[PDB]
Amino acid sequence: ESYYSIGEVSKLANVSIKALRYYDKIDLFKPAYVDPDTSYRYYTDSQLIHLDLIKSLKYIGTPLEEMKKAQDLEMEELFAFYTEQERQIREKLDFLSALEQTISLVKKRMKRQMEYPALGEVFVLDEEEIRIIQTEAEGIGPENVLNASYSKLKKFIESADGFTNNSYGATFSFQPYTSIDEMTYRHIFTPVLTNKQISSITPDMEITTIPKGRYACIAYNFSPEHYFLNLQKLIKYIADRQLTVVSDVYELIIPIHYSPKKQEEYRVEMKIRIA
């Protein structure tokens, strides 16, 4: 025999008035009585129990329309409904976990590039391996490589990492080049930021790595003159100390910013493994 106005229900069940009017229009939760003259909504006490399901399902993210079918299932079916919710949550969990790990890897590589000792100077450090996915360069060289060239690689990596690669790589035979027009890339590649199985990789792609070891490295902001100059520094560094190269030259490029406004600028790093 006790009835409540929309405001009272709102204060009692901690649900906004607008939400009550909406659930009314949606036919999810309608007032027991509507005054035909004022259109005022009135609710009964026993009815409040229905807001328990609605609030709990809202808390777990169930869409309103699906709530309508939830209040129609039996306690047994509701049990299963929750089982399904757990499955989805475990699915959300590992997605966030993987993402949490990926982000951490990105920051690690990001910091490493911000902590670089100096630009335009050859350094010899002990590197850890870098997992990559590569494909033959098809005759492409430093002057004609395009972002579009990495299209097939990015698709695969995006399908397993989600976080699209930010670094673009290429490799070439270590030679005493006297001109850029003399060099041709062997492979182009993109590092993989995840260990998630890849969805049926075609044979024209190879999963491999930049092996851990001692590397002669040099980093700098790209410019045609810098590219040539720094490559020659690397070559001279190796000849001067008669070092022995045991891998191709690895070239990684990463933009310094992604602003469509500012003049584009890229960071380049060349590495060559030595005995």
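The first residue of the shown sequence is 1; numbering continues from there.
- When 255-263 is weighed against 18-26, 255-263 comes out higher, by mean CA B-factor as recorded in the entry.
- Look at the C-alpha B-factors of 192-200 and of 125-133. On average they run higher in 192-200.
- Of the candidates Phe163, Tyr168, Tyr185, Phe174, the one whose C-alpha carries the top B factor in the deposited record is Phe163.
- Among the modelled residues of the chain, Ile60 sits in the highest third by CA temperature factor in this PDB entry.
- Among the modelled residues of its chain, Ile6 has a C-alpha B-factor that falls in the middle third according to the deposited record.
- Looking at the C-alpha B-factors along this chain, the one for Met67 belongs to the highest third.
- Per the PDB record, residue ranking by Cα B-factor puts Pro117 in the highest third of the chain.
- Ranked within its chain, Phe95 lands in the middle third, by CA B factor from the PDB record.
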